[PDB]
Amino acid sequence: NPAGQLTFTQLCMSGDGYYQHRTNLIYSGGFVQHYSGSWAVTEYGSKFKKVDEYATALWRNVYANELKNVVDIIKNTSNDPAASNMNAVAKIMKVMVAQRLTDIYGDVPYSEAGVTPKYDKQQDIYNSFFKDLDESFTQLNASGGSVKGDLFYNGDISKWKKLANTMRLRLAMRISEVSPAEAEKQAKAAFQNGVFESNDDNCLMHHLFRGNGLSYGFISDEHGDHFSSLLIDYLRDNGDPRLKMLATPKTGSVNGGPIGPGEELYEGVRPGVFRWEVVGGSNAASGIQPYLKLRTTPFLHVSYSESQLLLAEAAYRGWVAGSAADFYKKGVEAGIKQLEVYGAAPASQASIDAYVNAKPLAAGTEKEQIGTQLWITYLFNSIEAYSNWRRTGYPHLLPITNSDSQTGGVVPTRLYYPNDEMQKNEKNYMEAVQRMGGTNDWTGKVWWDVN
């Protein structure tokens, strides 16, 4: 069971098209303006319109499929010393499973989860995260038995250690605004225990729940999704090599008909604007490279690029030892190269070096630059970009002025608990609601988001 259960959970974290489509693509992806153009993403994610199913899909599927399995693994490997390594792996898994959850809904059932479980305060959920990652790092050992059913890493515990520490750093940075002391402490700890050391250590699912769920969303939108004008303009105007690794060129001209010499080939779709409303029609906007949208497209969970960019930010705060600029450079290069696993033509080392050296970490714009780079690195993992945007306010997004925006253009700052919780778990539901100021609304804030 432990192996099979681990494999099932790992496959649920990327192959469940149900919430990859709704939570990653449509809402997170539209909120942080990774995408625009398709009906679903633009109408609901880009312009801000509520659909209960879309907002509660992550909740429903994490509690139905994932949390329970990983709890059962932890329970069944708990006192067997030849299973300790599995016990640790499962615990690391459990953080990755639950972290998205709290980050999207705030206070959530955790400690009593997996008939009326309480909602843990997010602060406690996070202390519990740090505890499990710390202890799980230490617990992974040569004498811990073998790890079976691991698709991320085929049971290499050395990679599990660094995954544990990189997750720890991600959580540390996420509470930088609300709990700076704990944040620094945990960043430093993560750094010294050892995070990812190259792109080889990246947490990936290779798809051969068996297909990439995100691509499932891309395909159910009838390949109607484009990158947003914000992203394309940023990649194009700064000469980022990732531009053509990600985007397909325009085929039509803004003036209609086939595109002629001289006219810009790379433009995204403005947030709030459907692809058929583009001046020139949808051909007059860049598309998404086909290898990114396949059932066999790999899914990236945690990255070396991310760890280096987070270390850049911690460095700039004086939390860890080193040069922010050097961490930053290593992060950008790692992000440019991480796209290769998607089937993208590797960028020449000369172009990477040229880009990195032409636009280094600058004097008063470190946080802006770091946020923007992470926002690029978290592409196809929009939940993380949405969180990092909520925490830092970076990158600055294009204003949403659509007259039918249900928030008047205000970015939603959480998704909301399903009303089923009010009907089946009323007391605890209401306690969490009270702690939010009296509402279960998408304009509410999670604990670490202290404007």
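Quick note: we count residues from 1 along the sequence shown, nothing fancier.
Continuity check for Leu208 and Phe209, given as deposited residues lacking coordinates between them = Per the deposited record, the segment joining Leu208 and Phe209 lacks coordinates for 10 or more residues.
Unmodelled deposited residues between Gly114 and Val115: none, 1 to 3, 4 to 9, or 10 or more?
-> Gap between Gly114 and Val115: 4 to 9 unmodelled residues.
Can you let me know which of the two, 81 to 89 or 306 to 314, has the higher average C-alpha B-factor in the entry?
-> 81 to 89 has the higher mean C-alpha B-factor.
Greater mean Cα temperature factor according to the PDB record, 363 to 371 or 262 to 270 | Per the PDB record, 363 to 371.
Between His226, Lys118, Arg100, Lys161, which one tops the list for C-alpha B-factor in the PDB entry?
-> Highest CA B-factor of the listed options: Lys161.
Name the one of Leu379, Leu235, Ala345, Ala247 with the greatest CA B-factor according to the PDB entry.
-> Answer, based on the entry's C-alpha B-factors: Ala345.
When the modelled residues of the chain are sorted by Cα temperature factor, does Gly256 land in the lowest, middle or highest third?
-> Middle third by C-alpha B-factor.
Going by what the PDB entry lists, where does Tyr126 fall on CA B-factor within its chain: lowest, middle or highest third?
-> Lowest third, going by the recorded CA B-factors of the chain.
Give the position of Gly217 by CA B-factor within its chain, expressed as the lowest, middle or highest third.
-> Lowest third.
Place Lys75 in the lowest, middle or highest third of its chain's C-alpha B-factors, as listed in the PDB entry.
-> For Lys75, the deposited C-alpha B-factor lands in the highest third.
Could you look up the Cα B-factor of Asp200 in the entry and say which third of the chain it sits in: lowest, middle or highest?
-> Ranked within chain, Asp200 CA B lands in the highest tercile.
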